[PDB]
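**Student:** Got a structure here, written out as structure tokens. Questions coming.
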Amino acid sequence: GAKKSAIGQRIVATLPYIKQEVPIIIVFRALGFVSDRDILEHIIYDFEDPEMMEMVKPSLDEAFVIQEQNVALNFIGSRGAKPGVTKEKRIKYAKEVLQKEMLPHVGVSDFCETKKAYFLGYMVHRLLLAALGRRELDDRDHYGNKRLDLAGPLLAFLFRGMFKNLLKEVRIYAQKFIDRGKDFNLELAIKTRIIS
Amino acid sequence: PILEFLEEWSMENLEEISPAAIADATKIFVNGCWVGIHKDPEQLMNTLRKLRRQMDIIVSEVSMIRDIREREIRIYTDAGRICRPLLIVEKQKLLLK
Amino acid sequence: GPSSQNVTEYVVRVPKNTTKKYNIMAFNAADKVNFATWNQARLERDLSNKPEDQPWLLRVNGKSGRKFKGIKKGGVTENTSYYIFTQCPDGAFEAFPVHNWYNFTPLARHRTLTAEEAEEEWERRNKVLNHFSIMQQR
Amino acid sequence: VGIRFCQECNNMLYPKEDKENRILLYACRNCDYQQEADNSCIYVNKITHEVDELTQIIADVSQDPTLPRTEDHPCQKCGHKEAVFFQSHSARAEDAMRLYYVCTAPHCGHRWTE
Amino acid sequence: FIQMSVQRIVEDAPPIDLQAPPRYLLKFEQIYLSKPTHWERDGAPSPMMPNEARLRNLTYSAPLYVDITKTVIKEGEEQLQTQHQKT
Amino acid sequence: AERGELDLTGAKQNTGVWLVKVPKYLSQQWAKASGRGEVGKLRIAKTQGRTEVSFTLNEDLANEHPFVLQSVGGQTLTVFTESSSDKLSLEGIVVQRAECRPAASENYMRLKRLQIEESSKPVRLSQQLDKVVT
Amino acid sequence: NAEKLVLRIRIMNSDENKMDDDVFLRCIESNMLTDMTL
Ligand SMILES: [Zn+2]
Ligand SMILES: [Zn+2]
């Protein structure tokens, strides 16, 4: 395109529980980093490298319009799998998505946005090196990138699903009796066949 | 135990550093989480290796990987990693006597 | 002279309790923060959530001056502690534990595009002309 | 090539021309701020990109035990006989067989190619 | 999995909160496992040997128990905390 | 002058303070009494072209802590306090950062191992039960 | 004869005498690199 090939190649992010991807810089805006220098500091650790700086130019232009964290959060919330009825609820939904659904291994606490920005910037930084050819692409066949799910972890995968059903079942059983006005028997609320 | 030891040693937390310091230092990853940066990667690996071989803080199945070119130290403690026992060689000699 | 070999040793005191808590305020180097113009400042909890578990908002010189937002450090110092040494007339160092660590960054002030306005630009996000002109129209 | 950031909001500065003076100006967006450009080059891309690998090479690689070491290429900076040689092995080169040498002497990260 | 994952899974499960307005809470803390047991027709438990499971087409399973603490609040400035050990 | 006003007098005086990172055991010993007004002495030795910082633990407290300085030019740090009477003030500006390290290397890990084991007490594990619950 | 081969390009004078005077070169530069056939 006329302007499509002028900006170059832009980076997007496919966050969980969002129907459509979002520009990468928007995610940084939502995390609380507004100025371009603050965002680029988490992506490019050596500003003396002109090659890296150019790769992020199209991404910055794509998210130029969004200039505030709340604006960015609304954009993320607007594309959520369950769009909010009002703008305020959209921001809350987007905050929850980034708080827990995005990079959960980095953290789930309310004050882990800075840690998630660094790792997200590292993900972008790793992508740029692959695009720039500085680092070789990862090999799926390489067996150190693999993990083996043995009996334990496989069983632990089942137990949480089956334990969630157990906890859901007691909630349903108790709710019927509590609404009826009578206390409930814990022994009777538990369905032992769920786990067995 | 790995994170507690790393904090005790000269590893700076990500929150408590300026981004300008990340260029020279090596990123420290524990189970894929960028814990911090360290200014002396070679000494840290020697210390990390020593602890594992003495089984002091680092268990035998903990794998520490240093990517010298990429300035990254990756420590993995999760399950599912396939490993095998290998004899340690120092100064072109077997430690097995 | 004496400075070439000066040796200084001072006593360390750890009061059990203090009326005022101690926390660290951190400013990024690129911010070029200067306190000479900080004639007046305001620090208060944010109102966006609408208390002790919410971010801190810092305003300098009212609306005219720069505004900074402080966020508590998510990483906890379970295996670490921070102390600050302050000079006192008695000549003994005093160490106070860091109750909290806050990271402050400047907030730009201008006619930032609103959420409703951003919707119109989303149509032209892929294809836009004269990025400078978009702000002029607003 | 130089990337400039605004001094007010720390945002990107993009090139702009003032017809009044006909001088390149790096003007901040959404900030009504302008700066005097000096480089005079706003954009440059090298298709061949004959970027030196020595700049990319990191002196720490001399500590890698998996790299070969040769005593036949002494370091020019310090004269240390031992050196660690390797290939760039980086994409976009299309021909990666030349060897880059890094001095193995500690504190001397001299890098050279024959 | 038995020694750590099962206990962690139970510990990490959120407490069950129910509102009527009396309020009810359920917290699961400790996990116990008995040796593989088989219950006869009369209901008498007995240790289940792996060969007997193979011969009689049984499942070599161990009973699982969890300590459950229940707290109830009836907006009457009284709190009753009853624990069902080894549920 | 208002409730939200910040007493920036400390900034005007350009008072300098030192930020120190210390382990928990050193602070834990201080937290033991925490009311005697004394926990140790901080000794700083300077030479013609080198400066070293070390800390000594109190003899009563026990019943060497070398200090390493760090550059502070990469980040600007300030210290402020909030008064219980709703009067915020700025104590000063950090001028140097230091870290504390253990003199011992081998037996020091033994103390750390106890802490790791001690912090493992709340870590609940499944318990084998000899007799089926009836 | 010069060791470096150069080709300076500028927009028409009539237009100088609508999209953008600066971005348009990038569009031309990218367009000429690939779309144009020698
Ligand atoms: Zn600006
Ligand atoms: Zn050399």
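Residues are referred to by chain and number: the chain letter is A, B, ... according to the order shown in the structure tokens, the number counts from 1 in that chain, and ligands are numbered separately from 1 in the order shown.
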For ligand 2, list the contacting residues at 7 Å or closer, counting only C-alpha atoms and all ligand atoms, as JSON, numbers by chain.
**Tutor:** {"D": [75, 76, 77, 78, 79, 80, 103, 104, 105, 108, 109, 110]}
**Student:** Please produce a file of those selected residues containing N, CA, C and O atoms, as an mmCIF file, in the first residue's frame.
**Tutor:**
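What landed in again_3.cif:
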```cif
data_model
loop_
_atom_site.group_PDB
_atom_site.id
_atom_site.type_symbol
_atom_site.label_atom_id
_atom_site.label_comp_id
_atom_site.auth_asym_id
_atom_site.auth_seq_id
_atom_site.Cartn_x
_atom_site.Cartn_y
_atom_site.Cartn_z
ATOM 1 N N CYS D 75 46.318 -11.944 20.540
ATOM 2 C CA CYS D 75 45.572 -10.695 20.604
ATOM 3 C C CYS D 75 46.491 -9.513 20.323
ATOM 4 O O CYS D 75 47.591 -9.421 20.874
ATOM 5 N N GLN D 76 46.035 -8.604 19.459
ATOM 6 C CA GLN D 76 46.830 -7.419 19.156
ATOM 7 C C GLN D 76 46.876 -6.458 20.335
ATOM 8 O O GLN D 76 47.925 -5.860 20.605
ATOM 9 N N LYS D 77 45.760 -6.294 21.046
ATOM 10 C CA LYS D 77 45.704 -5.310 22.121
ATOM 11 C C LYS D 77 46.686 -5.641 23.237
ATOM 12 O O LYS D 77 47.372 -4.748 23.748
ATOM 13 N N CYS D 78 46.773 -6.914 23.628
ATOM 14 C CA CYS D 78 47.577 -7.315 24.769
ATOM 15 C C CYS D 78 48.588 -8.413 24.465
ATOM 16 O O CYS D 78 49.452 -8.680 25.308
ATOM 17 N N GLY D 79 48.511 -9.056 23.304
ATOM 18 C CA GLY D 79 49.463 -10.093 22.959
ATOM 19 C C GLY D 79 49.153 -11.465 23.515
ATOM 20 O O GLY D 79 49.967 -12.380 23.336
ATOM 21 N N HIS D 80 48.016 -11.643 24.183
ATOM 22 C CA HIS D 80 47.659 -12.954 24.702
ATOM 23 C C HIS D 80 47.536 -13.950 23.556
ATOM 24 O O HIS D 80 46.809 -13.714 22.586
ATOM 25 N N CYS D 103 39.770 -12.195 22.334
ATOM 26 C CA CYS D 103 40.857 -12.495 23.252
ATOM 27 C C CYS D 103 40.316 -13.140 24.519
ATOM 28 O O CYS D 103 39.302 -12.710 25.073
ATOM 29 N N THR D 104 41.005 -14.184 24.983
ATOM 30 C CA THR D 104 40.589 -14.908 26.175
ATOM 31 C C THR D 104 41.159 -14.326 27.460
ATOM 32 O O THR D 104 40.771 -14.767 28.546
ATOM 33 N N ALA D 105 42.057 -13.355 27.371
ATOM 34 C CA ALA D 105 42.615 -12.754 28.575
ATOM 35 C C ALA D 105 41.521 -11.997 29.321
ATOM 36 O O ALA D 105 40.817 -11.182 28.713
ATOM 37 N N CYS D 108 40.300 -8.092 28.903
ATOM 38 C CA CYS D 108 40.668 -7.686 27.548
ATOM 39 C C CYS D 108 39.713 -8.390 26.592
ATOM 40 O O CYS D 108 39.974 -9.507 26.140
ATOM 41 N N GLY D 109 38.600 -7.732 26.288
ATOM 42 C CA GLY D 109 37.610 -8.303 25.399
ATOM 43 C C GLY D 109 37.838 -7.915 23.956
ATOM 44 O O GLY D 109 36.880 -7.670 23.217
ATOM 45 N N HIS D 110 39.101 -7.852 23.540
ATOM 46 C CA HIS D 110 39.408 -7.436 22.180
ATOM 47 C C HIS D 110 38.817 -8.418 21.178
ATOM 48 O O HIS D 110 38.936 -9.637 21.330
#
```
**Student:** List every residue of chain D that DSSP, applied to the backbone, labels as helix (DSSP H, G or I), and write the result as an mmCIF file with N, CA, C and O atoms, in the first residue's frame.
**Tutor:**
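The file below, states08.cif, is the result:
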```
data_model
loop_
_atom_site.group_PDB
_atom_site.id
_atom_site.type_symbol
_atom_site.label_atom_id
_atom_site.label_comp_id
_atom_site.auth_asym_id
_atom_site.auth_seq_id
_atom_site.Cartn_x
_atom_site.Cartn_y
_atom_site.Cartn_z
ATOM 1 N N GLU D 53 30.000 -7.218 12.403
ATOM 2 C CA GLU D 53 29.651 -8.162 13.454
ATOM 3 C C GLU D 53 30.454 -7.925 14.725
ATOM 4 O O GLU D 53 29.969 -8.245 15.815
ATOM 5 N N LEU D 54 31.659 -7.363 14.609
ATOM 6 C CA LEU D 54 32.478 -7.121 15.794
ATOM 7 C C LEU D 54 31.741 -6.251 16.801
ATOM 8 O O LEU D 54 31.865 -6.454 18.015
ATOM 9 N N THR D 55 30.975 -5.273 16.319
ATOM 10 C CA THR D 55 30.170 -4.459 17.225
ATOM 11 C C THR D 55 29.139 -5.313 17.946
ATOM 12 O O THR D 55 28.894 -5.128 19.143
ATOM 13 N N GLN D 56 28.520 -6.253 17.229
ATOM 14 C CA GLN D 56 27.535 -7.135 17.846
ATOM 15 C C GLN D 56 28.185 -8.147 18.781
ATOM 16 O O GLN D 56 27.579 -8.535 19.786
ATOM 17 N N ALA D 59 32.144 -9.608 24.350
ATOM 18 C CA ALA D 59 33.412 -10.121 24.856
ATOM 19 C C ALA D 59 33.226 -11.276 25.831
ATOM 20 O O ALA D 59 34.158 -12.063 26.024
ATOM 21 N N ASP D 60 32.053 -11.393 26.452
ATOM 22 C CA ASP D 60 31.830 -12.456 27.425
ATOM 23 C C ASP D 60 31.901 -13.841 26.800
ATOM 24 O O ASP D 60 32.069 -14.825 27.526
ATOM 25 N N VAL D 61 31.782 -13.943 25.474
ATOM 26 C CA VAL D 61 31.793 -15.245 24.820
ATOM 27 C C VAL D 61 33.101 -15.980 25.049
ATOM 28 O O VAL D 61 33.150 -17.208 24.917
ATOM 29 N N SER D 62 34.169 -15.263 25.397
ATOM 30 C CA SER D 62 35.445 -15.920 25.651
ATOM 31 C C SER D 62 35.358 -16.907 26.807
ATOM 32 O O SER D 62 36.223 -17.781 26.926
ATOM 33 N N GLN D 63 34.343 -16.784 27.658
ATOM 34 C CA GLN D 63 34.146 -17.706 28.769
ATOM 35 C C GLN D 63 33.372 -18.954 28.371
ATOM 36 O O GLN D 63 33.177 -19.836 29.215
#
```
**Student:** Can you pull out every residue with an atom within 9 Å of ligand 1? Use only C-alpha atoms and all ligand atoms and format it as a list in words.
**Tutor:**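 Counting only C-alpha atoms and all ligand atoms, the residues within 9 Å of ligand 1 come out as residues 35 of chain A; 108 of chain C; 5, 6, 7, 8, 9, 10, 11, 12, 13, 27, 28, 29, 30, 31, 32, 33 and 34 of chain D.
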**Student:** Point out the residue among D:90, D:70, D:48, D:21 with the least atom-to-atom distance to chain A, counting only C-alpha atoms.
**Tutor:**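 Looking only at the distances to chain A, the closest residue turns out to be D:90.
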**Student:** Could you list the residues in chain B lying within 9 Å of chain F, using only C-alpha atoms, and format the result as number ranges by chain?
**Tutor:** B: 1, 4-5, 8-10, 17-21, 56-57
